[PDB]
Amino acid sequence: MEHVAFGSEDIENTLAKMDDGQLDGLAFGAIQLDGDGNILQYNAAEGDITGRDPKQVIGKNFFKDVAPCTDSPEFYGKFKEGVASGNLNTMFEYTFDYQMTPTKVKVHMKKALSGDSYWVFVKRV
Ligand SMILES: *C(=O)/C=C/c1ccc(O)cc1
């Protein structure tokens with residue numbers, strides 16, 4: 001297993017070195033989005049939590065296609081405020097309930113070290 005703790009202060013530096021295969025060794029869900037919300041990376045732990053097949057969601061828009069329950073001021077609204085500002089670091093609890101059993105999770109959104117990319121980390125609560 002890859003040893004990185006959910007919510008670590010330097011998580012973006014640690015994950016910058018990770019290929020899709022190493023991202024799959026994380027103890028929590030990790031999704032990398034571009035500024036428009038398109039999925040660039042989606043790890044195995046995230047698929048375990050949500051039921052989505054990782055390879056199938058890459059390239060889809062997270063807010064429009066995959067996760068409509070997140071299209072709200074409380075999730076997507078925070079993401080879009082962060083992209084526009086060029087800075088994002090927020091953690092909050094949320095319930096995923098689209099085409100799945102309602103599941104309570106802790107979400108951490110953070111701007112990646114890379115230019116136009118943002119991370120969404122997820123763990124069960
Ligand atoms: C609500 O529509 C949430 C859906 C969802 C959350 C996280 C995922 O990775 C996939 C779908």
# chains A, B, ... in the order shown; residues from 1 in each chain; ligands from 1
>>> residues_around(residues="residue 3 in chain A", least_positions_apart="6", cutoff="10 Å", atoms="only C-alpha atoms", output="PDB file with N, CA, C and O atoms, in the first residue's frame")
ATOM      1  N   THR A  14       2.972  14.903  -2.797  1.00  0.00           N
ATOM      2  CA  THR A  14       3.135  13.454  -2.786  1.00  0.00           C
ATOM      3  C   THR A  14       2.503  12.775  -3.997  1.00  0.00           C
ATOM      4  O   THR A  14       3.119  11.919  -4.630  1.00  0.00           O
ATOM      5  N   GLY A  25      -3.146   2.394  -5.271  1.00  0.00           N
ATOM      6  CA  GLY A  25      -2.717   1.848  -4.002  1.00  0.00           C
ATOM      7  C   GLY A  25      -3.080   2.717  -2.807  1.00  0.00           C
ATOM      8  O   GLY A  25      -2.676   2.384  -1.697  1.00  0.00           O
ATOM      9  N   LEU A  26      -3.782   3.838  -3.013  1.00  0.00           N
ATOM     10  CA  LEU A  26      -4.152   4.723  -1.911  1.00  0.00           C
ATOM     11  C   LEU A  26      -5.262   4.139  -1.022  1.00  0.00           C
ATOM     12  O   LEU A  26      -6.143   3.423  -1.494  1.00  0.00           O
ATOM     13  N   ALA A  27      -5.257   4.526   0.246  1.00  0.00           N
ATOM     14  CA  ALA A  27      -6.242   4.056   1.198  1.00  0.00           C
ATOM     15  C   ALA A  27      -7.568   4.792   1.079  1.00  0.00           C
ATOM     16  O   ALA A  27      -8.507   4.478   1.792  1.00  0.00           O
TER      17      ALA A  27
END
>>> residues_around(residues="residue 77 in chain A", least_positions_apart="6", cutoff="12 Å", atoms="only C-alpha atoms", output="list in words")
residues 37, 63, 70, 71, 83, 84, 88, 90 and 109 of chain A
>>> residues_near_ligand(ligand="ligand 1", cutoff="10 Å", atoms="only C-alpha atoms and all ligand atoms", output="MDAnalysis selection string")
chainID A and resid 29:31 39 42:43 45:54 57 62:71 94:100 102:103 105 107 120:122
>>> residues_around(residues="residue 106 in chain A", least_positions_apart="4", cutoff="7 Å", atoms="only C-alpha atoms", output="MDAnalysis selection string")
chainID A and resid 92:94 122:125
>>> closest_residue(among="A:87, A:22, A:61, A:13", to="residue 34 in chain A", atoms="only C-alpha atoms")
A:61
>>> closest_residue(among="A:41, A:56, A:89, A:117", to="residue 23 in chain A", atoms="only C-alpha atoms")
A:41
>>> select_by_dssp(residues="chain A", states="helix (DSSP H, G or I)", output="compact mmCIF listing (two decimals) with N, CA and C atoms, in the first residue's frame")
# COMPACT_ATOMS: atom_id res chain seq x y z
N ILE A 11 -0.24 16.75 0.55
CA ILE A 11 -0.72 15.68 -0.32
C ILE A 11 -0.50 15.90 -1.83
N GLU A 12 -0.68 17.14 -2.28
CA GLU A 12 -0.50 17.45 -3.70
C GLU A 12 0.94 17.19 -4.18
N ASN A 13 1.94 17.41 -3.31
CA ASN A 13 3.33 17.15 -3.67
C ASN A 13 3.53 15.64 -3.76
N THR A 14 2.97 14.90 -2.80
CA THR A 14 3.14 13.45 -2.79
C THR A 14 2.50 12.77 -4.00
N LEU A 15 1.30 13.21 -4.37
CA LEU A 15 0.59 12.60 -5.49
C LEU A 15 1.08 13.03 -6.87
N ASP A 20 -1.25 6.36 -12.73
CA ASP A 20 -2.57 5.82 -12.40
C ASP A 20 -2.47 4.55 -11.54
N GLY A 21 -1.41 3.76 -11.74
CA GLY A 21 -1.21 2.53 -10.98
C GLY A 21 -0.92 2.72 -9.50
N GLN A 22 -0.15 3.76 -9.17
CA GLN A 22 0.19 4.08 -7.78
C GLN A 22 -1.00 4.72 -7.08
N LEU A 23 -1.79 5.49 -7.83
CA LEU A 23 -2.98 6.13 -7.27
C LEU A 23 -3.93 5.02 -6.78
N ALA A 44 -8.94 3.09 -7.84
CA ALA A 44 -9.67 1.91 -7.46
C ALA A 44 -10.47 2.07 -6.16
N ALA A 45 -9.90 2.75 -5.16
CA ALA A 45 -10.60 2.95 -3.89
C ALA A 45 -11.89 3.75 -4.12
N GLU A 46 -11.87 4.69 -5.06
CA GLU A 46 -13.06 5.48 -5.35
C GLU A 46 -14.11 4.57 -5.98
N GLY A 47 -13.68 3.69 -6.88
CA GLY A 47 -14.60 2.76 -7.51
C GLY A 47 -15.21 1.82 -6.50
N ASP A 48 -14.46 1.46 -5.47
CA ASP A 48 -14.97 0.56 -4.45
C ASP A 48 -16.08 1.23 -3.66
N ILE A 49 -15.91 2.52 -3.40
CA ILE A 49 -16.89 3.27 -2.64
C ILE A 49 -18.16 3.56 -3.42
N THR A 50 -18.00 3.88 -4.69
CA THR A 50 -19.13 4.31 -5.51
C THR A 50 -19.75 3.33 -6.49
N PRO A 54 -13.51 2.57 -12.80
CA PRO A 54 -12.53 3.64 -13.10
C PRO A 54 -12.25 3.97 -14.57
N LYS A 55 -11.92 2.96 -15.37
CA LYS A 55 -11.62 3.19 -16.78
C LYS A 55 -12.78 3.76 -17.57
N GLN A 56 -13.99 3.47 -17.14
CA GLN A 56 -15.16 3.93 -17.85
C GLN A 56 -15.56 5.37 -17.60
N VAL A 57 -15.15 5.92 -16.47
CA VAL A 57 -15.53 7.30 -16.16
C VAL A 57 -14.50 8.34 -16.58
N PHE A 62 -17.54 15.11 -14.40
CA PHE A 62 -17.97 14.71 -13.07
C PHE A 62 -19.30 15.34 -12.64
N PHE A 63 -19.45 16.65 -12.86
CA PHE A 63 -20.64 17.36 -12.41
C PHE A 63 -21.87 17.20 -13.26
N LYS A 64 -21.68 17.01 -14.56
CA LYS A 64 -22.81 16.87 -15.45
C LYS A 64 -23.24 15.44 -15.69
N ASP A 65 -22.27 14.56 -15.89
CA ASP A 65 -22.53 13.16 -16.23
C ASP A 65 -22.54 12.15 -15.10
N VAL A 66 -21.43 12.09 -14.39
CA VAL A 66 -21.22 11.11 -13.35
C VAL A 66 -21.85 11.35 -11.98
N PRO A 68 -24.38 13.91 -10.63
CA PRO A 68 -25.33 15.02 -10.59
C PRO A 68 -25.69 15.47 -9.18
N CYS A 69 -25.58 14.57 -8.20
CA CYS A 69 -25.91 14.95 -6.83
C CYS A 69 -24.93 15.99 -6.27
N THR A 70 -23.76 16.14 -6.92
CA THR A 70 -22.76 17.12 -6.51
C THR A 70 -22.92 18.47 -7.23
N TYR A 76 -20.20 21.50 -6.24
CA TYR A 76 -19.79 22.12 -7.51
C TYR A 76 -19.55 23.63 -7.35
N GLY A 77 -20.39 24.30 -6.56
CA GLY A 77 -20.21 25.73 -6.33
C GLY A 77 -18.87 26.05 -5.69
N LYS A 78 -18.40 25.21 -4.77
CA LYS A 78 -17.10 25.42 -4.13
C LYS A 78 -15.98 25.13 -5.11
N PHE A 79 -16.17 24.11 -5.94
CA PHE A 79 -15.18 23.75 -6.94
C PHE A 79 -15.00 24.87 -7.95
N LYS A 80 -16.10 25.39 -8.49
CA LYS A 80 -16.00 26.47 -9.48
C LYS A 80 -15.45 27.78 -8.91
N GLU A 81 -15.70 28.05 -7.62
CA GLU A 81 -15.17 29.26 -6.97
C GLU A 81 -13.66 29.09 -6.88
N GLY A 82 -13.21 27.88 -6.54
CA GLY A 82 -11.79 27.59 -6.43
C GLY A 82 -11.02 27.63 -7.75
N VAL A 83 -11.61 27.10 -8.81
CA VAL A 83 -10.96 27.10 -10.11
C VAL A 83 -10.77 28.54 -10.60
N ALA A 84 -11.79 29.37 -10.43
CA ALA A 84 -11.75 30.75 -10.89
C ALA A 84 -10.74 31.56 -10.13
N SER A 85 -10.61 31.26 -8.84
CA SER A 85 -9.66 31.94 -7.96
C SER A 85 -8.22 31.44 -8.09
>>> atom_distance(atom1="CA of residue 75 in chain A", atom2="CA of residue 1 in chain A")
29.2 Å
>>> atom_distance(atom1="CA of residue 16 in chain A", atom2="CA of residue 73 in chain A")
28.4 Å
>>> atom_distance(atom1="CA of residue 118 in chain A", atom2="CA of residue 2 in chain A")
20.1 Å
>>> select_by_dssp(residues="range 4-37 of chain A", states="strand (DSSP E or B)", output="VMD selection string")
chain A and resid 29 to 34
>>> write_last_selection(atoms="N, CA, C and O atoms", output="short mmCIF file (atom, residue, chain, number, x, y, z; two decimals), in the first residue's frame")
data_model
loop_
_atom_site.label_atom_id
_atom_site.label_comp_id
_atom_site.auth_asym_id
_atom_site.auth_seq_id
_atom_site.Cartn_x
_atom_site.Cartn_y
_atom_site.Cartn_z
N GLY A 29 -10.31 7.30 -1.78
CA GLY A 29 -10.68 7.62 -3.13
C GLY A 29 -9.98 8.89 -3.59
O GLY A 29 -9.81 9.83 -2.81
N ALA A 30 -9.57 8.89 -4.85
CA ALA A 30 -8.89 10.04 -5.43
C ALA A 30 -9.33 10.19 -6.86
O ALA A 30 -9.36 9.23 -7.63
N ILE A 31 -9.76 11.40 -7.18
CA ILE A 31 -10.23 11.75 -8.52
C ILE A 31 -9.48 13.01 -8.94
O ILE A 31 -9.33 13.93 -8.13
N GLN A 32 -8.94 13.04 -10.15
CA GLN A 32 -8.29 14.26 -10.61
C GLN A 32 -9.17 14.82 -11.71
O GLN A 32 -9.57 14.10 -12.62
N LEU A 33 -9.51 16.10 -11.58
CA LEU A 33 -10.39 16.82 -12.52
C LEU A 33 -9.64 17.98 -13.16
O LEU A 33 -8.73 18.54 -12.55
N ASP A 34 -10.04 18.35 -14.37
CA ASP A 34 -9.45 19.53 -14.96
C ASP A 34 -10.35 20.69 -14.50
O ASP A 34 -11.32 20.47 -13.78
#
